[PDB]
Amino acid sequence: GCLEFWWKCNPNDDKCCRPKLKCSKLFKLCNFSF
């Protein structure tokens, strides 16, 4: 997609493209779903 897991993201553009990826508050990066 645009950016894989780990690869930090932003709440304005977002980099999490994976169906399970999403800017998590864990460390401000595309965290998994599991």
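Method of structure determination, per the deposited record: solution NMR was used for this entry.

Visitor: What should I look at first to understand the UniProt feature "disulfide bond" in the protein chain in this one?
Guide: Between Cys9 and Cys23 the annotated UniProt disulfide holds up in this structure, with the two sulfurs at 2.0 Å. Of this pair, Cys9 sits in the segment before strand 1 (22-24) while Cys23 sits in strand 1, and the two are 14 residues apart along the sequence. With a relative accessible area of 28%, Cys23 lands in the partly exposed category.

Visitor: Got a minute to help me understand unusual backbone geometry in this structure?
Guide: Leaving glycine aside, a negative phi is the common case for residues, and trans is the common case for peptide bonds. Positioned with a positive phi, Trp6 is a non-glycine residue whose angle comes to about 70 degrees. Examined against the element boundaries, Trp6 turns out to sit in the segment before strand 1. A relative accessible area of 54% places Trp6 in the exposed class. Positive phi is not limited to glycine here, since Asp14 has a value of about 65 degrees. When you line up the elements, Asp14 lands in the segment before strand 1.

Basis of the calculations
Residues numbered from 1 in each chain as written, not as in the entry; some residues may be left out. Heavy atoms only, no water. Disulfide = S-S within 2.5 Å. UniProt positions renumbered as here; feature names shortened; annotations may be inferred. Helix = DSSP H or I, 4+ residues; strand = E, 2+ residues; numbered from the N terminus. Buried < 20%, exposed > 50% of the residue type's maximum accessible area, 1.4 Å probe, protein only.

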